[PDB]
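Colleague: Handing you this structure, nothing more for now.
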Amino acid sequence: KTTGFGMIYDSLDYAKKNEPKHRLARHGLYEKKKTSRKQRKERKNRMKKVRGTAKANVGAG
Amino acid sequence: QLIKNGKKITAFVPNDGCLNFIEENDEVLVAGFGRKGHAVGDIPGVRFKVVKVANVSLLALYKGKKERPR
Amino acid sequence: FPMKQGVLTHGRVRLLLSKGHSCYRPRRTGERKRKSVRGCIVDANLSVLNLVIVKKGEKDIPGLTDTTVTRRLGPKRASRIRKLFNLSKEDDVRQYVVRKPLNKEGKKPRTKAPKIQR
Amino acid sequence: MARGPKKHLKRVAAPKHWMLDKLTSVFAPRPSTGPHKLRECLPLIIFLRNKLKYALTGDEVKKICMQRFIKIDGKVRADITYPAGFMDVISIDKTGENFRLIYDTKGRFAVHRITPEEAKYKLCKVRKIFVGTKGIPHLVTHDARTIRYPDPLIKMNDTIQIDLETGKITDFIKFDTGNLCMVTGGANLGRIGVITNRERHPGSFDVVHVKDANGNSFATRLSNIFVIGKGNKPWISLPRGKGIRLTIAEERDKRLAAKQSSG
Amino acid sequence: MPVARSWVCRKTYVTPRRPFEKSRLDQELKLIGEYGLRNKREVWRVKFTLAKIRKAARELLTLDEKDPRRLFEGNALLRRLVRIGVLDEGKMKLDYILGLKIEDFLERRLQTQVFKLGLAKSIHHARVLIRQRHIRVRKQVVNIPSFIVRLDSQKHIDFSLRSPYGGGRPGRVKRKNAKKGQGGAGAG
Amino acid sequence: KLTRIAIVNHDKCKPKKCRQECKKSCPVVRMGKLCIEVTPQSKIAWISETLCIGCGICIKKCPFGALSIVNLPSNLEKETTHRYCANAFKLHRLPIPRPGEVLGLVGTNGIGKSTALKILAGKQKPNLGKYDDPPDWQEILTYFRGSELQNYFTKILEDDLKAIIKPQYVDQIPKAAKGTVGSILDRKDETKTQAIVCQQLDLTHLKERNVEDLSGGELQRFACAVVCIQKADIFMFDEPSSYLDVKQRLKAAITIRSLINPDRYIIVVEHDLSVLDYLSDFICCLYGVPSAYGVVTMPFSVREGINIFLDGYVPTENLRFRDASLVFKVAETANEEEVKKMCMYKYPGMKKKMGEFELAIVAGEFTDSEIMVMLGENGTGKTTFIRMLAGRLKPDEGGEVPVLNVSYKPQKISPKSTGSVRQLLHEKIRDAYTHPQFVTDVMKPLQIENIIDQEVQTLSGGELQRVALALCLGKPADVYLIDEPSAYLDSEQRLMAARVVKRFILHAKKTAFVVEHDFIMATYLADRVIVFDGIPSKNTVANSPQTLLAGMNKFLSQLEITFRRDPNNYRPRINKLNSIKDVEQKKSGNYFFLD
RNA sequence: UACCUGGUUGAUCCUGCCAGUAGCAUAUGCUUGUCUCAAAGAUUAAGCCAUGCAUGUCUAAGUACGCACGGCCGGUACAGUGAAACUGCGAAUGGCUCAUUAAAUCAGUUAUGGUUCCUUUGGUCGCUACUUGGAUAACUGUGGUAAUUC
RNA sequence: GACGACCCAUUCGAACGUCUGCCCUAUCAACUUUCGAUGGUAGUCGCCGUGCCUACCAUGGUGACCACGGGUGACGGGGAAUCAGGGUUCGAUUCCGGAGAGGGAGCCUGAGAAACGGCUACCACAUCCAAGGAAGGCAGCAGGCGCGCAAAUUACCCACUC
RNA sequence: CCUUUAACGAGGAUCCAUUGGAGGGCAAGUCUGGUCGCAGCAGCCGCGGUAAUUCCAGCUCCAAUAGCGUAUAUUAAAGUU
Ligand SMILES: [Mg+2]
Ligand SMILES: [Mg+2]
Ligand SMILES: [Mg+2]
Ligand SMILES: [Mg+2]
Ligand SMILES: [Mg+2]
Ligand SMILES: [Mg+2]
Ligand SMILES: [Mg+2]
Ligand SMILES: [Mg+2]
Ligand SMILES: [Mg+2]
Ligand SMILES: [Mg+2]
Ligand SMILES: [Mg+2]
Ligand SMILES: [Mg+2]
Ligand SMILES: [Mg+2]
Ligand SMILES: [Mg+2]
Ligand SMILES: [Mg+2]
Ligand SMILES: [Mg+2]
Ligand SMILES: [Mg+2]
Ligand SMILES: [Mg+2]
Ligand SMILES: [Mg+2]
Ligand SMILES: [Mg+2]
Ligand SMILES: [Mg+2]
Ligand SMILES: [Mg+2]
Ligand SMILES: [Mg+2]
Ligand SMILES: [Mg+2]
Ligand SMILES: [Mg+2]
Ligand SMILES: [Mg+2]
Ligand SMILES: [Mg+2]
Ligand SMILES: [Mg+2]
Ligand SMILES: [Mg+2]
Ligand SMILES: [Mg+2]
Ligand SMILES: [Mg+2]
Ligand SMILES: [Mg+2]
Ligand SMILES: [Mg+2]
Ligand SMILES: [Mg+2]
Ligand SMILES: [Mg+2]
Ligand SMILES: [Mg+2]
Ligand SMILES: [Mg+2]
Ligand SMILES: [Mg+2]
Ligand SMILES: [Mg+2]
Ligand SMILES: [Mg+2]
Ligand SMILES: [Mg+2]
Ligand SMILES: [Mg+2]
Ligand SMILES: [Mg+2]
Ligand SMILES: [Mg+2]
Ligand SMILES: [Mg+2]
Ligand SMILES: [Mg+2]
Ligand SMILES: [Mg+2]
Ligand SMILES: [Mg+2]
Ligand SMILES: [Mg+2]
Ligand SMILES: [Mg+2]
Ligand SMILES: [Mg+2]
Ligand SMILES: [Mg+2]
Ligand SMILES: [Mg+2]
């Protein structure tokens with residue numbers, strides 16, 4: 001005996017709606033595209049030191 | 001002579017031929033003798049014993065489980 | 001260090017600046033910072049003077065008077081449009097608005113207009 | 001340390017009738033400011049995900065509430081920490097069901113589905129009667145509602161039944177010896193009985209006696225009495241058990257003799 | 001510092017005050033040998049549970065009869081003691097609780113009941129049977145020789161449905177000594 | 001774990017009323033041996049470096065805040081990230097590769113610097129201790145959990161991180177790799193970025209030139225271009241400053257600076273000249289013993305690190321007693337009372353060329369018992385005229401062959417010697433004044449025994465330029481022609497070697513003609529300076545000889561640089577190429593002061 | 001489990017302590033196969049700190065002339081997604097530590113009929129007008145300083 | 001529908017008050033008072049009551065039932081170890097309350113701060129400098145030096161709780 | 001990681017249990033060699049001066065056991081607050 005939990009959605013649009021995104025990615029319906037938390041962090045802290053169009057970090061990393 | 005205070009005490013090196021493991025000007029870790037303030041046994045004026053010679057215990061050197069680092 | 005109006009000296013001094021002053025930009029609601037500034041009296045020791053022309057002379061300067069001007073941006077509020085083009089109190093102000101031209105090559109030609117407020 | 005108001009609530013300090021665990025996490029819903037006090041309310045997230053199991057996390061109850069499905073006292077609440085309280089009406093018309101938050105017997109709220117014709121009014125206890133500008137009489141009820149122009153024979157501690165759609169006080173019961181009541185605080189939190197006495201101590205905490213439908217008597221403070229009927233006749237529908245508080249021995253006898261294990 | 005953890009735990013035994021007492025020593029060794037226990041901590045454990053039961057019983061026994069608390073907690077302790085079978089249903093009163101002995105709880109272990117019910121050839125065989133997953137209580141396979149067997153559960157002890165001793169594929173020894181006929185004398 | 005000693009010189013430490021309690025409370029000074037020799041005097045409190053055990057006792061019983069506590073660093077299995085064999089060099093730990101910025105490394109010869117770059121490249125599995133038979137990457141992944149190097153190495157192994165390494169030498173592989181003219185451009189990783197690099201870096205003059213007809217500065221610019229045109233993310237430049245002229249170094253620093261921003265980790269080896277304040281971001285220092293062990297310290301900001309490591313005594317956590325003032329030769333010594341006679345010469349105005357290098361010298365003065373150095377951009381004919389005056393060709397219009405035997409030190413050190421350097425220690429022989437000359441060159445701090453017997457092929461650049469040094473002053477000769485000694489030598493090394501050449505050609509009353517590219521050596525090697533002017537490979541008129549001051553001040557005014565002294569270190573720094581501290585120095589012609 | 005044992009004497013009976021005995025929590029020594037749970041720079045220096053990160057934020061609904069993309073043709077509140085910047089809100093919560101502090105803090109008990117309270121919920125909203133004024137961001141362009149979120 | 005808004009009530013609080021409760025010390029027996037100590041009248045200031053502060057009066061207030069002074073390797077409590085019955089010792093530490101951000105001090109914005117992931121000075125440290133100037137606060141999470149008998153990774157993630 | 005599962009995986013010589021002790025208090029040897037008031041042991045009483053039940057070792061045995069010893073704070077023993 002082995003026990004778990006199951007859900008049956010009345011459609012695929014409602015199933016694409018609620019559905020925590022990590023569970024959709026268990027069968028291809030979603031794809032978490034980013035790199036790394038520390039990259040997102042250190043980038044944001046460089047963007048904080050420039051004013052106006054932040055070309056060096058919205059484009060040039 | 002103790003590091004944190006600078007006081008000068010007298011300590012006991014208990015075993016057969018364990019005084020050979022203790023040169024001069026090497027730091028040793030001492031503990032109490034077992035009566036919390038008093039001289040134990042037939043020894044006058046002594047209240048502590050030596051338990052470590054240089055980061056290595058006097059009971060591993062007494063059984064050969066270790067050796068001094070030089 | 002920048003010069004600022006009404007610091008009546010030819011020396012350099014430290015002032016406690018707040019919002020609304022010049023030579024300072026706040027970083028937080030209510031912040032005030034002590035900053036160095038130069039007095040407004042002109043002197044031999046500047047790096048630059050900023051000079052504006054008020055009355056034009058006779059001979060065109062070969063570098064800044066030969067060129068032309070642009071409209072840049074048009075007026076965006078309706079009353080400014082009226083006062084600019086001298087319309088009446090009932091004059092249908094939705095057609096005298098400036099159309100900005102574009103045509104960055106590789107895209108079709110085009111015109112924009114700002115949304116009118118009030 | 002504490003220069004202003006707080007906004008977090010620790011799971012160990014939350015009210016006990018929420019019946020929470022101690023291993024999910026350090027934090028609790030912390031109901032937002034509303035018409036009911038913090039220690040006497042029941043947030044929406046706890047009522048939906050814990051007692052009804054409709055949701056499984058906080059995201060699910062957030063996206064249930066963000067679809068305009070839940071109505072508390074007629075109006076549509078979108079907040080998931082709204083402090084729902086005593087004698088309130090929940091309405092979920094996508095499934096056609098209405099509830100009513102009332103303490104059952106053991107000092108905690110029950111799940112008390114009611115008929116749609118009963119989910120139209122609610123009973124309210126009067127706390128204050130003052131006069132505004134131009135001599136207009138006002139009311140203040142136990143859930144912050146204010147009523148202008150009540151009939152000038154309703155006073156404090158009396159109960160008024162109000163229409164949920166329009167306000168507009170409909171009828172009222174008077175605080176008198178012989179009237180059904182439910183206790184809403186203290187040790188007898190949930191028990192129902194008739195008054196039969198009211199002891200008076202000028203300056204502090206006039207106490208009131210009660211005697212339920214089996215000859216048991218218990219007292220409380222006047223601040224916790226709630227008249228809910230004229231006498232031996234409730235105006236709202238009573239839950240299962242009807243605030244009788246059968247002792248632990250009778251509890252065990254009825255749980256064993258009935259052998260209530262499953263179907 | 002704040003964490004979602006629990007720190008509740010306790011000891012389950014107590015050492016004896018007199019460390020070297022010949023009578024206590026040999027009495028606890030008699031008890032270890034006849035029930036096939038591993039340690040003396042496993043005797044001090046049962047002693048601790050019996051002492052706590054006795055303390056609770058004597059505590060309830062000093063209240064006056066007709067006290068609701070005494071009635072409730074006594075009728076509960078008695079029922080819970082009969083549920084494991086260390087008390088006769090014909091006694092069922094707080095006076096008989098102070099007559100129990102340590103070998104009423106050591107009797108009711110699973111290792112004892114597996115030998116005593118006849119699935120094993122000794123208690124020292126029974127411990128290695130239980131600890132090697134051969135024994136099943138209803139549908140559950142129980143790995144633990146200290147599993148205190150309730151009363152109604154007494155009928156249901158037998159062998160695991162996938163184990164050599166009853167409806168099971170033979171172990172790795174009967175399958176290489178058999179492979180000896182094929183891969184030990186037929187292929188090598 | 002370490003050794004502990006005390007530093008005592010601090011604010012107004014006076015044994016006048018200190019009551020000398022330092023010696024009153026020491027275990028070592030009581031047992032008989034001399035540790036703290038301080039009595040009521042007019043002296044600064046004395047302490048030894050080897051006699052005090054430490055134990056902090058002398059610190060806890062002083063009334064005035066004089067005595068402190070410091071460490072001496074030595075190996076005791078500090079995670080030993082790489083070992084080679086028994087009694088052989090070991091590295092301890094590496095910095096995390098700071099992304100989006102220049103992480104520099106500043107260190108000496110011997111101590112670990114190439115080993116770090118090789119491991120950070122993924123090319124070398126770090127030994128982490130004792131040997132694994134295969135190079136097992138599971139060691140580095142399991143040893144460094146809980147750190148950022150775990151993810152970095154796991155992403156190295158998945159092919160997503162492409163690393164590029166600079167060759168530590170340009171002279172090691174003009175033998176195996178060969179590239180055909182024109183096609184050498186088309187073979188590179190990209191087409192449109194070649195123009196941007198060649199235009200900013202100045203390969204433009206020589207892209208279509210014969211690759212064998214080039215000089216060493218063009219080979220460095222070619223290596224630079226070939227490395228930068230390859231798109232990757234990890235980039236290692238093992239001393240890109242090595243034998244480039246100062247404005248070449250500046251534009252190469254600007255071109256690698258142009259590639260910091262788009263998330264590509266760049267690690268440069270950086271015993272560099274004083275151009276610091278826009279050309280590297282964080283720096284890390286190196287500690288250890290050159291022939292035995294090394295460690296890299298935590299990352300520091302560039303100015304902070306240069307200053308505390310140029311002071312030596314300032315770093316806050318940990319210390320080492322070395323790195324005295326070594327950036328220059330503040331120890332002034334000059335006196336010439338023996339120079340009663342001299343044997344001067346006068347060369348005519350020879351002008352030569354091979355196929356495209358127009359060269360022309362002016363007849364000038366050729367002194368004796370005195371030195372002369374020349375300078376200029378690479379390609380103005382500095383080795384060309386040297387070895388043509390030694391003699392290769394053009395006996396057509398005048399010409400005086402050196403009647404003197406000539407000592408000669410090349411820049412292209414790559415000997416073809418089967419055997420060892422102990423052999424060529426006998427082709428030329430030390431049968432000469434056996435007094436300290438080589439033991440005062442290097443005997444105590446550098447162990448010249450490593451240069452007596454070694455493997456000639458695996459020798460480091462330092463010891464290579466040192467056998468280049470020893471090739472000169474051991475052969476019977478009277479005129480020294482030394483070309484680019486400063487290469488693969490660090491600050492003290494460069495200075496000590498140049499000074500050795502100076503006062504060893506001084507006492508024997510002979511002449512030296514020096515080639516240089518680093519300002520500090522061009523200053524402290526001569527009083528006469530010939531300026532090399534002209535556009536490379538079009539016309540480079542070798543200027544008439546002059547003195548040092550006018551020569552240098554007319555030379556560097558053609559590069560648009562200037563140098564600023566330092567009031568506390570006397571260490572010359574560049575300005576920004578315009579600044580309010582530079583503008584007046586430029587119009588006044590003085591590019592250095594405090595003579 | 002409401003418990004004692006050795007030591008003053010040639011031997012005895014006491015006072016009386018030293019030592020033994022069991023737990024508990026800090027350190028340390030030797031040794032360690034499996035599995036669940038899980039304390040952890042408090043003690044001494046509330047001593048000093050290299051480096052990275054820990055507070056930000058937009059819906060149909062405050063201001064869209066960035067050609068930044070982009071439409072079926074243009075802007076006639078003007079398409080649509082929407083960088084930047086102005087504006088509104090939050091940053092007074094949480095986290096950390098225990099130096100100070102002896103009717104002080106704190107705990108139970110009561111009082112504001114002696115006060116303030118963003119927000120939430122409920123009451124209150126009538127004694128040129130078919131819509132007013134000028135002026136700063138972003139953006140464009142010229143710069144200053146060794147150097148900064150100038 | 002969204003947003004905004006004077007006033008009242010409700011909610012979340014905050015602040016100031018009532019009664020009772022405290023470790024060792026007499027080698028601490030008298031303490032407090034124009035440098036407000038206790039009370040009275042009028043005011044200033046404060047969100048409000050109030051010597052909170054000012055002017056003018058009165059001479060009061062506390063103590064052997066331990067006041068006043070000193071010490072604490074003292075943050076308080078819910079609680080922890082041991083325990084026949086009574087007790088003894090511990091509580092820096094995950095919940096509640098208080099206090100602080102190297103030491104003092106003064107303020108801006110704001111409903112709410114005497115805020116330090118805010119500002120302004122002095123003291124103590126300490127960083128860069130082109131010597132004119134500029135910049136700082138890990139008793140937050142990792143990490144490092146020092147101190148010691150004595151205490152962990154410069155990791156991954158917002159999937160759970162909020 | 002655990003749990004579920006394949007395929008391999010034990011003869012006892014290794015897929016090798018330690019920490020303290022054996023005069024008394026206090027469970028366990030007047031067994032054999034070495035030292036000879038020395039080395040050392042010993043919380044206390046006490047062991048060692050040529051026939052040592054206590055030292056150094058070998059063998060044997062006792063206690064708890066994946067744990068056991070030591071220094072210190074504190075509680076019971078203490079009806080020695
Ligand atoms: Mg368009
Ligand atoms: Mg508008
Ligand atoms: Mg807080
Ligand atoms: Mg909330
Ligand atoms: Mg006597
Ligand atoms: Mg005797
Ligand atoms: Mg004792
Ligand atoms: Mg397993
Ligand atoms: Mg601390
Ligand atoms: Mg930092
Ligand atoms: Mg938008
Ligand atoms: Mg808000
Ligand atoms: Mg705010
Ligand atoms: Mg901590
Ligand atoms: Mg005091
Ligand atoms: Mg009080
Ligand atoms: Mg309280
Ligand atoms: Mg209170
Ligand atoms: Mg409202
Ligand atoms: Mg008054
Ligand atoms: Mg008054
Ligand atoms: Mg008096
Ligand atoms: Mg006092
Ligand atoms: Mg005091
Ligand atoms: Mg304290
Ligand atoms: Mg206390
Ligand atoms: Mg008790
Ligand atoms: Mg506490
Ligand atoms: Mg403390
Ligand atoms: Mg802590
Ligand atoms: Mg409180
Ligand atoms: Mg504070
Ligand atoms: Mg500090
Ligand atoms: Mg606000
Ligand atoms: Mg502050
Ligand atoms: Mg804070
Ligand atoms: Mg700041
Ligand atoms: Mg901080
Ligand atoms: Mg930290
Ligand atoms: Mg944390
Ligand atoms: Mg240490
Ligand atoms: Mg520890
Ligand atoms: Mg440590
Ligand atoms: Mg989350
Ligand atoms: Mg775990
Ligand atoms: Mg043994
Ligand atoms: Mg022994
Ligand atoms: Mg023996
Ligand atoms: Mg014994
Ligand atoms: Mg015995
Ligand atoms: Mg003998
Ligand atoms: Mg013998
Ligand atoms: Mg005691």
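Going by the structure tokens order, chains are called A, B, ..., each with residues numbered from 1, while ligands are numbered from 1 in the order shown.
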Excluding segment 19-24 of chain I and residues on its chain fewer than 6 positions from it, collect all residues at most 7 Å away from it, counting only C-alpha atoms (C1' of nucleotides), and give them as a list in words.

Modeller: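 The residues that qualify are residues 53, 54, 62, 68 and 69 of chain I.
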
Colleague: Residues of the last selection are to be written out with C-alpha atoms (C1' of nucleotides), as a PDB file, in the first residue's frame.

Modeller:
```pdb
ATOM      1  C1'   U I  53      46.484  -9.797  45.703  1.00  0.00           C
ATOM      2  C1'   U I  54      47.156  -2.652  44.573  1.00  0.00           C
ATOM      3  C1'   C I  62      34.131  -8.079  36.483  1.00  0.00           C
ATOM      4  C1'   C I  68      32.687   4.755  28.512  1.00  0.00           C
ATOM      5  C1'   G I  69      36.463   7.859  31.459  1.00  0.00           C
TER       6        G I  69
END
```

Colleague: Which residues are near segment 96-107 of chain G? Cut-off 7 Å, only C-alpha atoms (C1' of nucleotides), ignore same chain within fewer than 5 positions. Put them as a ChimeraX atom specification.

Modeller: /G:46 /H:75-77,92,97-98,139-140

Colleague: Can you spit out the residues from that selection as a PDB file, in the first residue's frame, using N, CA and C atoms (P, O5', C5', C4', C3', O3' and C1' of nucleotides)?

Modeller:
```pdb
ATOM      1  P     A G  46      31.641  40.918  23.340  1.00  0.00           P
ATOM      2  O5'   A G  46      30.865  42.166  23.938  1.00  0.00           O
ATOM      3  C5'   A G  46      29.696  42.663  23.301  1.00  0.00           C
ATOM      4  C4'   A G  46      29.734  44.163  23.172  1.00  0.00           C
ATOM      5  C3'   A G  46      29.975  44.915  24.472  1.00  0.00           C
ATOM      6  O3'   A G  46      30.657  46.134  24.189  1.00  0.00           O
ATOM      7  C1'   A G  46      27.832  45.458  23.634  1.00  0.00           C
TER       8        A G  46
ATOM      9  P     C H  75      22.467  39.671  32.935  1.00  0.00           P
ATOM     10  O5'   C H  75      21.221  40.514  32.424  1.00  0.00           O
ATOM     11  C5'   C H  75      19.925  39.940  32.412  1.00  0.00           C
ATOM     12  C4'   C H  75      18.862  40.959  32.731  1.00  0.00           C
ATOM     13  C3'   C H  75      17.505  40.393  33.102  1.00  0.00           C
ATOM     14  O3'   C H  75      17.414  39.938  34.437  1.00  0.00           O
ATOM     15  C1'   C H  75      17.204  42.040  31.470  1.00  0.00           C
ATOM     16  P     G H  76      16.597  38.594  34.761  1.00  0.00           P
ATOM     17  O5'   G H  76      15.074  39.053  34.756  1.00  0.00           O
ATOM     18  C5'   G H  76      14.556  39.889  35.775  1.00  0.00           C
ATOM     19  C4'   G H  76      13.070  40.067  35.631  1.00  0.00           C
ATOM     20  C3'   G H  76      12.262  38.787  35.509  1.00  0.00           C
ATOM     21  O3'   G H  76      12.017  38.153  36.751  1.00  0.00           O
ATOM     22  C1'   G H  76      11.588  40.278  33.825  1.00  0.00           C
ATOM     23  P     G H  77      11.994  36.551  36.843  1.00  0.00           P
ATOM     24  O5'   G H  77      10.659  36.140  36.082  1.00  0.00           O
ATOM     25  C5'   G H  77       9.396  36.578  36.556  1.00  0.00           C
ATOM     26  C4'   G H  77       8.313  36.430  35.518  1.00  0.00           C
ATOM     27  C3'   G H  77       8.007  35.025  35.044  1.00  0.00           C
ATOM     28  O3'   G H  77       7.256  34.259  35.966  1.00  0.00           O
ATOM     29  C1'   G H  77       8.091  36.460  33.190  1.00  0.00           C
ATOM     30  P     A H  92      18.521  34.685  31.453  1.00  0.00           P
ATOM     31  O5'   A H  92      19.625  34.988  30.352  1.00  0.00           O
ATOM     32  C5'   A H  92      20.019  36.314  30.043  1.00  0.00           C
ATOM     33  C4'   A H  92      20.720  36.364  28.711  1.00  0.00           C
ATOM     34  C3'   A H  92      19.997  35.656  27.578  1.00  0.00           C
ATOM     35  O3'   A H  92      18.972  36.433  26.989  1.00  0.00           O
ATOM     36  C1'   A H  92      22.217  34.917  27.632  1.00  0.00           C
ATOM     37  P     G H  97       4.711  41.556  22.846  1.00  0.00           P
ATOM     38  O5'   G H  97       5.388  42.232  24.118  1.00  0.00           O
ATOM     39  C5'   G H  97       4.597  42.866  25.111  1.00  0.00           C
ATOM     40  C4'   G H  97       5.419  43.326  26.290  1.00  0.00           C
ATOM     41  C3'   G H  97       6.612  44.210  25.991  1.00  0.00           C
ATOM     42  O3'   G H  97       6.270  45.553  25.702  1.00  0.00           O
ATOM     43  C1'   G H  97       7.234  42.575  27.558  1.00  0.00           C
ATOM     44  P     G H  98       7.220  46.438  24.757  1.00  0.00           P
ATOM     45  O5'   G H  98       8.541  46.658  25.620  1.00  0.00           O
ATOM     46  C5'   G H  98       8.503  47.388  26.836  1.00  0.00           C
ATOM     47  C4'   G H  98       9.835  47.378  27.545  1.00  0.00           C
ATOM     48  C3'   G H  98      11.000  47.994  26.797  1.00  0.00           C
ATOM     49  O3'   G H  98      11.003  49.407  26.874  1.00  0.00           O
ATOM     50  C1'   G H  98      11.674  45.955  27.785  1.00  0.00           C
ATOM     51  P     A H 139      28.859  42.262  15.209  1.00  0.00           P
ATOM     52  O5'   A H 139      27.942  41.889  16.456  1.00  0.00           O
ATOM     53  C5'   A H 139      26.951  40.879  16.358  1.00  0.00           C
ATOM     54  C4'   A H 139      25.669  41.277  17.046  1.00  0.00           C
ATOM     55  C3'   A H 139      24.868  42.385  16.383  1.00  0.00           C
ATOM     56  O3'   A H 139      24.070  41.890  15.322  1.00  0.00           O
ATOM     57  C1'   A H 139      24.995  42.762  18.723  1.00  0.00           C
ATOM     58  P     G H 140      23.601  42.842  14.117  1.00  0.00           P
ATOM     59  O5'   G H 140      23.034  41.824  13.038  1.00  0.00           O
ATOM     60  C5'   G H 140      22.240  40.719  13.434  1.00  0.00           C
ATOM     61  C4'   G H 140      21.332  40.265  12.324  1.00  0.00           C
ATOM     62  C3'   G H 140      21.818  39.070  11.523  1.00  0.00           C
ATOM     63  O3'   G H 140      21.471  37.842  12.135  1.00  0.00           O
ATOM     64  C1'   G H 140      21.163  40.792  10.050  1.00  0.00           C
TER      65        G H 140
END
```

Colleague: Tell me, in Å to one decimal, how far atom CA of residue 48 of chain F is from atom 1 (Mg, counted along the ligand's line) of ligand 41.

Modeller: 22.5 Å

Colleague: Find the residues near residue 4 of chain G: any atom within 10 Å, counting only C-alpha atoms (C1' of nucleotides), skip ones fewer than 3 places away on the same chain, and give them as a list in words.

Modeller: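 Selected residues are residues 18 of chain E; 21 of chain G; 77 of chain I.
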
Colleague: Enumerate residues in contact with ligand 53: an atom-to-atom distance of at most 10 Å, counting only C-alpha atoms (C1' of nucleotides) and all ligand atoms. Format the result as an MDAnalysis selection string.

Modeller: (chainID H and resid 88:89) or (chainID I and resid 74:78 80)

Colleague: Counting only C-alpha atoms (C1' of nucleotides), what is within 10 Å of residue 46 of chain A, bar same-chain residues fewer than 5 positions away, as a list in words?

Modeller: residues 41, 54, 56, 57 and 61 of chain A; 149 of chain G

Colleague: Ligand 10: which residues are within 9 Å, counting only C-alpha atoms (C1' of nucleotides) and all ligand atoms? Reply as a ChimeraX atom specification.

Modeller: /G:50-53 /H:138

Colleague: Report as a PyMOL selection string the set of chain H residues whose atoms approach chain A to within 12 Å, with distances computed over only C-alpha atoms (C1' of nucleotides).

Modeller: chain H and resi 155-159

Colleague: Would you list, as a PyMOL selection string, the residues of segment 31-145 of chain E that end up in helix (DSSP H, G or I) under DSSP run on this structure's backbone?

Modeller: chain E and resi 31-35+41-61+68-82+97-99+102-105+110-116+123-130

Colleague: Taking only C-alpha atoms (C1' of nucleotides) and all ligand atoms and a cut-off of 10 Å, can you tell me which residues surround ligand 26, written as an NGL selection string?

Modeller: :H and (22-23 or 74-76 or 90-91)
